[PDB]
file start35.cif (mmCIF, C-alpha atoms and all ligand atoms)
data_structure
loop_
_atom_site.group_PDB
_atom_site.id
_atom_site.type_symbol
_atom_site.label_atom_id
_atom_site.label_comp_id
_atom_site.auth_asym_id
_atom_site.auth_seq_id
_atom_site.Cartn_x
_atom_site.Cartn_y
_atom_site.Cartn_z
ATOM 1 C CA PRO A 1 54.174 113.266 98.398
ATOM 2 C CA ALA A 2 53.954 112.010 94.812
ATOM 3 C CA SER A 3 50.458 110.509 94.962
ATOM 4 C CA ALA A 4 49.493 113.499 97.116
ATOM 5 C CA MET A 5 49.720 115.701 94.005
ATOM 6 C CA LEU A 6 48.874 113.037 91.432
ATOM 7 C CA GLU A 7 45.494 113.040 93.189
ATOM 8 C CA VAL A 8 45.116 116.742 92.337
ATOM 9 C CA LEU A 9 46.685 116.626 88.855
ATOM 10 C CA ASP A 10 44.056 114.120 87.717
ATOM 11 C CA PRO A 11 40.542 115.646 87.930
ATOM 12 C CA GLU A 12 38.860 112.230 88.282
ATOM 13 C CA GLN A 13 40.115 111.368 91.780
ATOM 14 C CA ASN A 14 39.043 114.811 93.050
ATOM 15 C CA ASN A 15 35.330 114.098 92.537
ATOM 16 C CA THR A 16 34.827 113.271 96.238
ATOM 17 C CA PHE A 17 38.355 113.769 97.587
ATOM 18 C CA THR A 18 38.442 114.742 101.272
ATOM 19 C CA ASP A 19 41.470 116.395 102.845
ATOM 20 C CA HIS A 20 42.679 115.254 106.265
ATOM 21 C CA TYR A 21 41.401 118.507 107.825
ATOM 22 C CA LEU A 22 38.101 119.153 105.993
ATOM 23 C CA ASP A 23 36.805 115.559 105.607
ATOM 24 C CA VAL A 24 33.988 116.440 103.195
ATOM 25 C CA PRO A 25 33.634 115.526 99.492
ATOM 26 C CA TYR A 26 34.516 118.359 97.122
ATOM 27 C CA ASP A 27 35.089 118.497 93.361
ATOM 28 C CA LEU A 28 38.492 119.949 92.435
ATOM 29 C CA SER A 29 38.028 118.979 88.789
ATOM 30 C CA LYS A 30 37.544 122.327 87.010
ATOM 31 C CA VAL A 31 41.230 123.265 87.437
ATOM 32 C CA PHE A 32 43.640 122.499 84.573
ATOM 33 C CA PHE A 33 47.187 123.296 85.677
ATOM 34 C CA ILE A 34 49.923 124.435 83.317
ATOM 35 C CA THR A 35 53.301 124.113 85.018
ATOM 36 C CA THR A 36 56.915 125.157 84.462
ATOM 37 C CA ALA A 37 59.887 122.990 85.443
ATOM 38 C CA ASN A 38 63.520 123.957 86.006
ATOM 39 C CA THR A 39 65.011 120.440 86.129
ATOM 40 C CA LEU A 40 63.462 117.351 84.541
ATOM 41 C CA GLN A 41 65.847 114.554 85.580
ATOM 42 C CA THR A 42 64.680 114.613 89.212
ATOM 43 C CA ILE A 43 60.995 114.538 88.197
ATOM 44 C CA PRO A 44 59.496 111.058 88.762
ATOM 45 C CA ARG A 45 58.993 108.811 85.749
ATOM 46 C CA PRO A 46 55.167 108.588 86.110
ATOM 47 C CA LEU A 47 55.010 112.383 86.363
ATOM 48 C CA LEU A 48 57.146 112.778 83.232
ATOM 49 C CA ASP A 49 54.929 110.259 81.425
ATOM 50 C CA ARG A 50 51.739 112.312 81.822
ATOM 51 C CA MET A 51 53.148 115.702 80.725
ATOM 52 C CA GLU A 52 54.330 116.945 77.332
ATOM 53 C CA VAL A 53 57.706 118.703 77.338
ATOM 54 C CA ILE A 54 58.265 122.128 75.758
ATOM 55 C CA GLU A 55 61.795 123.550 75.726
ATOM 56 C CA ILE A 56 62.693 127.252 75.752
ATOM 57 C CA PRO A 57 65.988 127.812 73.871
ATOM 58 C CA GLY A 58 67.239 130.968 75.569
ATOM 59 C CA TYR A 59 68.056 134.545 74.605
ATOM 60 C CA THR A 60 70.501 136.567 72.515
ATOM 61 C CA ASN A 61 71.986 139.999 73.169
ATOM 62 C CA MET A 62 70.283 141.433 70.075
ATOM 63 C CA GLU A 63 66.911 140.195 71.335
ATOM 64 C CA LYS A 64 67.733 141.389 74.862
ATOM 65 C CA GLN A 65 68.313 144.936 73.615
ATOM 66 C CA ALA A 66 64.810 145.091 72.127
ATOM 67 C CA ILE A 67 63.363 143.357 75.202
ATOM 68 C CA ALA A 68 64.874 145.976 77.511
ATOM 69 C CA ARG A 69 63.975 148.930 75.283
ATOM 70 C CA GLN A 70 60.372 147.880 74.629
ATOM 71 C CA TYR A 71 59.405 145.895 77.720
ATOM 72 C CA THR B 1 53.694 98.438 81.207
ATOM 73 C CA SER B 2 50.891 98.187 78.637
ATOM 74 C CA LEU B 3 51.204 94.418 79.007
ATOM 75 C CA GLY B 4 50.178 95.065 82.604
ATOM 76 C CA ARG B 5 46.812 96.463 81.551
ATOM 77 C CA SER B 6 46.421 93.788 78.869
ATOM 78 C CA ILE B 7 46.935 90.969 81.383
ATOM 79 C CA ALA B 8 44.799 92.684 84.035
ATOM 80 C CA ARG B 9 41.922 93.245 81.595
ATOM 81 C CA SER B 10 42.221 89.618 80.495
ATOM 82 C CA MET B 11 41.912 88.715 84.186
ATOM 83 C CA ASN B 12 39.470 91.589 84.896
ATOM 84 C CA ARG B 13 41.594 92.409 87.956
ATOM 85 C CA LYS B 14 42.473 95.866 89.247
ATOM 86 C CA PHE B 15 45.839 97.225 88.096
ATOM 87 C CA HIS B 16 47.982 99.754 89.965
ATOM 88 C CA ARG B 17 51.558 100.703 89.110
ATOM 89 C CA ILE B 18 53.895 101.391 92.041
ATOM 90 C CA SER B 19 56.758 103.835 91.451
ATOM 91 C CA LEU B 20 59.987 102.276 92.743
ATOM 92 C CA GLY B 21 63.628 102.653 91.737
ATOM 93 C CA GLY B 22 64.010 106.167 93.111
ATOM 94 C CA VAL B 23 63.699 104.967 96.705
ATOM 95 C CA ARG B 24 66.642 104.939 99.105
ATOM 96 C CA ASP B 25 65.733 103.158 102.370
ATOM 97 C CA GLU B 26 63.837 100.155 103.734
ATOM 98 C CA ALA B 27 61.341 102.048 105.962
ATOM 99 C CA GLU B 28 59.355 103.148 102.867
ATOM 100 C CA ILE B 29 58.762 99.698 101.362
ATOM 101 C CA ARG B 30 57.507 98.598 104.785
ATOM 102 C CA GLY B 31 56.150 101.319 107.126
ATOM 103 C CA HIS B 32 58.900 102.437 109.603
ATOM 104 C CA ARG B 33 58.437 101.730 113.362
ATOM 105 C CA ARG B 34 55.334 103.440 114.849
ATOM 106 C CA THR B 35 57.642 104.827 117.604
ATOM 107 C CA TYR B 36 59.730 107.017 115.233
ATOM 108 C CA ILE B 37 57.749 110.302 114.813
ATOM 109 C CA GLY B 38 55.416 110.547 111.776
ATOM 110 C CA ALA B 39 55.014 106.774 111.293
ATOM 111 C CA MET B 40 53.485 105.887 107.878
ATOM 112 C CA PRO B 41 53.040 102.375 106.341
ATOM 113 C CA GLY B 42 55.137 101.191 103.354
ATOM 114 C CA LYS B 43 54.083 102.169 99.795
ATOM 115 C CA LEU B 44 53.080 98.525 99.142
ATOM 116 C CA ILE B 45 50.258 98.374 101.713
ATOM 117 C CA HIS B 46 49.325 101.821 100.367
ATOM 118 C CA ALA B 47 48.617 100.159 97.014
ATOM 119 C CA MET B 48 46.783 97.403 98.888
ATOM 120 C CA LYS B 49 44.647 100.142 100.469
ATOM 121 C CA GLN B 50 43.929 101.713 97.080
ATOM 122 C CA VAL B 51 42.370 98.489 95.786
ATOM 123 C CA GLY B 52 39.192 97.173 97.385
ATOM 124 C CA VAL B 53 39.924 93.484 96.714
ATOM 125 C CA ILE B 54 42.405 90.974 98.116
ATOM 126 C CA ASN B 55 43.578 89.703 94.694
ATOM 127 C CA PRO B 56 44.635 92.655 92.519
ATOM 128 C CA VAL B 57 47.589 92.793 90.128
ATOM 129 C CA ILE B 58 50.634 94.883 91.032
ATOM 130 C CA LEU B 59 53.389 95.997 88.669
ATOM 131 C CA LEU B 60 56.897 96.544 90.048
ATOM 132 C CA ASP B 61 58.648 98.763 87.521
ATOM 133 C CA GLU B 62 62.370 98.976 86.686
ATOM 134 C CA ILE B 63 63.870 97.335 89.764
ATOM 135 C CA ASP B 64 67.366 97.315 88.219
ATOM 136 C CA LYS B 65 67.992 101.001 88.976
ATOM 137 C CA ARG B 66 71.839 104.957 104.014
ATOM 138 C CA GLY B 67 69.187 102.309 103.475
HETATM 139 N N1 LIG C 1 52.778 96.038 69.579
HETATM 140 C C1 LIG C 1 52.258 96.972 70.370
HETATM 141 N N2 LIG C 1 50.918 96.992 70.561
HETATM 142 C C2 LIG C 1 50.402 97.935 71.357
HETATM 143 N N3 LIG C 1 51.020 98.907 72.023
HETATM 144 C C3 LIG C 1 52.345 98.867 71.813
HETATM 145 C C4 LIG C 1 53.021 97.958 71.024
HETATM 146 N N4 LIG C 1 54.383 98.222 71.042
HETATM 147 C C5 LIG C 1 54.501 99.268 71.818
HETATM 148 N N5 LIG C 1 53.305 99.703 72.331
HETATM 149 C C6 LIG C 1 53.109 100.845 73.216
HETATM 150 O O1 LIG C 1 54.347 101.181 73.788
HETATM 151 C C7 LIG C 1 54.098 101.971 74.978
HETATM 152 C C8 LIG C 1 55.122 101.614 76.026
HETATM 153 O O2 LIG C 1 54.776 102.266 77.272
HETATM 154 P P1 LIG C 1 55.093 101.476 78.629
HETATM 155 O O3 LIG C 1 54.496 100.109 78.549
HETATM 156 O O4 LIG C 1 54.744 102.339 79.797
HETATM 157 O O5 LIG C 1 56.687 101.343 78.542
HETATM 158 P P2 LIG C 1 57.769 100.711 79.556
HETATM 159 O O6 LIG C 1 57.296 99.307 79.831
HETATM 160 O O7 LIG C 1 59.093 100.750 78.832
HETATM 161 O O8 LIG C 1 57.747 101.587 80.785
HETATM 162 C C9 LIG C 1 52.627 101.713 75.346
HETATM 163 O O9 LIG C 1 51.843 102.862 75.051
HETATM 164 C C10 LIG C 1 52.235 100.549 74.428
HETATM 165 O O10 LIG C 1 50.858 100.522 74.117
#
call {"tool": "encode", "arguments": {"input": "start35.cif", "output": "structure tokens"}}
result
Amino acid sequence: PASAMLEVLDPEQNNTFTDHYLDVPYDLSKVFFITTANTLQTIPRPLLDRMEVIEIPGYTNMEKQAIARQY
Amino acid sequence: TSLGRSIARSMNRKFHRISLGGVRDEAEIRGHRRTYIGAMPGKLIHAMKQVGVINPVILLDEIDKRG
């Protein structure tokens, strides 16, 4: 279901998109998803083309101590 | 791939990339038999559906990378 969620990622095709159960035009264009990914190799190439990648380094024990104490 | 849009705009013909390479079987290029449950046509004719004309341009990406 790649194009099934490309059609909802892009707000232009949702202007009059009708689901197979509701069959009435509806504008799902005001949503702007921000997503998190665990693995990127398995993500399709067109999907990886339209998103910008941001990488989280990790954590240290010194930071973890403060995280646990304060949060 | 940008050459695809350049050529299509020169021709003023509709362009639609089709994501291949990651496929594994034959029943997805051409729709599997209607008898098997959940019969759906092949991705190709899906792209043919997406366009409203009989002469679009289709790009077949990275073909050089069980059915
Ligand atoms: N000389 C050039 N003029 C215009 N765009 C260029 C040129 N060289 C590279 N590009 C850009 O390179 C990018 C390549 O993306 P794409 O065609 O999808 O790559 P690929 O064919 O490897 O999948 C496009 O954004 C294209 O416009």
call {"tool": "interface_residues", "arguments": {"input": "start35.cif", "of": "chain B", "to": "chain A", "cutoff": "10 Å", "atoms": "all atoms listed in the file", "output": "PyMOL selection string"}}
result
chain B and resi 17-22
call {"tool": "write_last_selection", "arguments": {"input": "start35.cif", "atoms": "C-alpha atoms", "output": "compact mmCIF listing (two decimals), keeping the file's coordinate frame"}}
result
# COMPACT_ATOMS: atom_id res chain seq x y z
CA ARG B 17 51.56 100.70 89.11
CA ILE B 18 53.90 101.39 92.04
CA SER B 19 56.76 103.84 91.45
CA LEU B 20 59.99 102.28 92.74
CA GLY B 21 63.63 102.65 91.74
CA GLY B 22 64.01 106.17 93.11
call {"tool": "residues_around", "arguments": {"input": "start35.cif", "residues": "residue A:47", "least_positions_apart": "3", "cutoff": "12 Å", "atoms": "only C-alpha atoms", "output": "JSON, numbers by chain"}}
result
{"A": [2, 3, 5, 6, 7, 9, 10, 35, 37, 40, 41, 42, 43, 44, 50, 51, 52, 53], "B": [19]}
call {"tool": "residues_near_ligand", "arguments": {"input": "start35.cif", "ligand": "ligand LIG 1 (chain C)", "cutoff": "8 Å", "atoms": "all atoms listed in the file", "output": "VMD selection string"}}
result
chain B and resid 1 to 4 61 to 62
call {"tool": "residues_around", "arguments": {"input": "start35.cif", "residues": "stretch 26-30 of chain B", "least_positions_apart": "4", "cutoff": "7 Å", "atoms": "all atoms listed in the file", "output": "count of residues only"}}
result
5
call {"tool": "atom_distance", "arguments": {"input": "start35.cif", "atom1": "atom CA of residue A:64", "atom2": "atom CA of residue A:34"}}
result
26.0 Å
call {"tool": "resolve_selection", "arguments": {"input": "start35.cif", "expression": "the PyMOL selection byres (((chain A and resi 11-14) around 9) and not hetatm)", "output": "VMD selection string"}}
result
chain A and resid 6 to 10 15 to 18 25 to 32
call {"tool": "write_last_selection", "arguments": {"input": "start35.cif", "atoms": "C-alpha atoms", "output": "short mmCIF file (atom, residue, chain, number, x, y, z; two decimals), in the coordinates of the input"}}
result
data_model
loop_
_atom_site.label_atom_id
_atom_site.label_comp_id
_atom_site.auth_asym_id
_atom_site.auth_seq_id
_atom_site.Cartn_x
_atom_site.Cartn_y
_atom_site.Cartn_z
CA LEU A 6 48.87 113.04 91.43
CA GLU A 7 45.49 113.04 93.19
CA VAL A 8 45.12 116.74 92.34
CA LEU A 9 46.68 116.63 88.86
CA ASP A 10 44.06 114.12 87.72
CA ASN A 15 35.33 114.10 92.54
CA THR A 16 34.83 113.27 96.24
CA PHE A 17 38.35 113.77 97.59
CA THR A 18 38.44 114.74 101.27
CA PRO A 25 33.63 115.53 99.49
CA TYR A 26 34.52 118.36 97.12
CA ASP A 27 35.09 118.50 93.36
CA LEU A 28 38.49 119.95 92.44
CA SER A 29 38.03 118.98 88.79
CA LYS A 30 37.54 122.33 87.01
CA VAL A 31 41.23 123.26 87.44
CA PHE A 32 43.64 122.50 84.57
#
call {"tool": "decode", "arguments": {"input": "start35.cif", "residues": "stretch 38-62 of chain A", "atoms": "N, CA, C and O atoms", "output": "compact mmCIF listing (two decimals), in the first residue's frame"}}
result
# COMPACT_ATOMS: atom_id res chain seq x y z
N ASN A 38 12.31 3.87 12.34
CA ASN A 38 13.30 3.03 13.01
C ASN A 38 14.36 2.54 12.04
O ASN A 38 15.56 2.60 12.33
N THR A 39 13.94 2.04 10.88
CA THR A 39 14.84 1.58 9.83
C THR A 39 14.54 2.33 8.54
O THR A 39 13.37 2.53 8.19
N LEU A 40 15.60 2.74 7.84
CA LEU A 40 15.46 3.51 6.61
C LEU A 40 15.76 2.73 5.35
O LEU A 40 15.32 3.15 4.27
N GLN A 41 16.50 1.62 5.44
CA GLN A 41 16.84 0.85 4.25
C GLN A 41 15.59 0.26 3.59
O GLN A 41 15.47 0.26 2.36
N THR A 42 14.66 -0.25 4.40
CA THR A 42 13.45 -0.87 3.86
C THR A 42 12.44 0.15 3.34
O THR A 42 11.50 -0.25 2.65
N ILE A 43 12.61 1.43 3.65
CA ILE A 43 11.67 2.44 3.16
C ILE A 43 11.83 2.59 1.66
O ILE A 43 12.97 2.61 1.15
N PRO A 44 10.74 2.68 0.90
CA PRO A 44 10.86 2.80 -0.56
C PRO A 44 11.63 4.04 -0.98
O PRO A 44 11.65 5.06 -0.27
N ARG A 45 12.27 3.94 -2.14
CA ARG A 45 13.05 5.07 -2.67
C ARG A 45 12.21 6.32 -2.88
O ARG A 45 12.65 7.41 -2.46
N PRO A 46 11.03 6.27 -3.52
CA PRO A 46 10.22 7.50 -3.62
C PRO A 46 9.84 8.09 -2.28
O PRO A 46 9.80 9.32 -2.14
N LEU A 47 9.57 7.25 -1.28
CA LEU A 47 9.27 7.77 0.05
C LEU A 47 10.48 8.47 0.66
O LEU A 47 10.36 9.55 1.23
N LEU A 48 11.67 7.87 0.52
CA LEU A 48 12.88 8.49 1.04
C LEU A 48 13.26 9.75 0.27
O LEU A 48 14.01 10.58 0.79
N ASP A 49 12.77 9.90 -0.96
CA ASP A 49 13.09 11.10 -1.73
C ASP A 49 12.34 12.33 -1.21
O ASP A 49 12.87 13.45 -1.28
N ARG A 50 11.13 12.14 -0.71
CA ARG A 50 10.27 13.26 -0.34
C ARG A 50 10.37 13.65 1.14
O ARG A 50 9.65 14.55 1.57
N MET A 51 11.23 12.99 1.92
CA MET A 51 11.42 13.34 3.32
C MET A 51 12.88 13.68 3.60
O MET A 51 13.79 13.10 2.99
N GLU A 52 13.08 14.62 4.51
CA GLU A 52 14.42 14.99 4.97
C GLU A 52 14.77 14.20 6.22
O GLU A 52 13.94 14.07 7.13
N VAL A 53 15.99 13.67 6.27
CA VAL A 53 16.41 12.76 7.32
C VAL A 53 17.07 13.54 8.45
O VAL A 53 17.89 14.44 8.21
N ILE A 54 16.68 13.23 9.69
CA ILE A 54 17.31 13.78 10.89
C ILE A 54 17.68 12.61 11.79
O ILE A 54 16.83 11.77 12.10
N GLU A 55 18.94 12.56 12.21
CA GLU A 55 19.49 11.43 12.94
C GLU A 55 19.72 11.79 14.40
O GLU A 55 20.31 12.83 14.70
N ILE A 56 19.25 10.94 15.30
CA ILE A 56 19.43 11.10 16.74
C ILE A 56 20.65 10.29 17.15
O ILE A 56 20.65 9.06 16.97
N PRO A 57 21.69 10.91 17.72
CA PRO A 57 22.92 10.14 18.02
C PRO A 57 22.71 9.03 19.03
O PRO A 57 23.02 7.86 18.74
N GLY A 58 22.20 9.34 20.20
CA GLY A 58 22.01 8.35 21.24
C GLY A 58 22.02 9.00 22.61
O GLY A 58 21.52 10.12 22.78
N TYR A 59 22.60 8.30 23.58
CA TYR A 59 22.62 8.76 24.96
C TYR A 59 23.92 8.32 25.62
O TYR A 59 24.57 7.37 25.19
N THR A 60 24.28 9.02 26.69
CA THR A 60 25.42 8.68 27.53
C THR A 60 24.93 8.43 28.95
O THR A 60 23.83 8.84 29.31
N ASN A 61 25.75 7.75 29.75
CA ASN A 61 25.37 7.48 31.13
C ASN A 61 25.28 8.76 31.95
O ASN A 61 24.40 8.91 32.80
N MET A 62 26.19 9.71 31.70
CA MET A 62 26.15 10.98 32.41
C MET A 62 24.86 11.73 32.11
O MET A 62 24.24 12.30 33.02
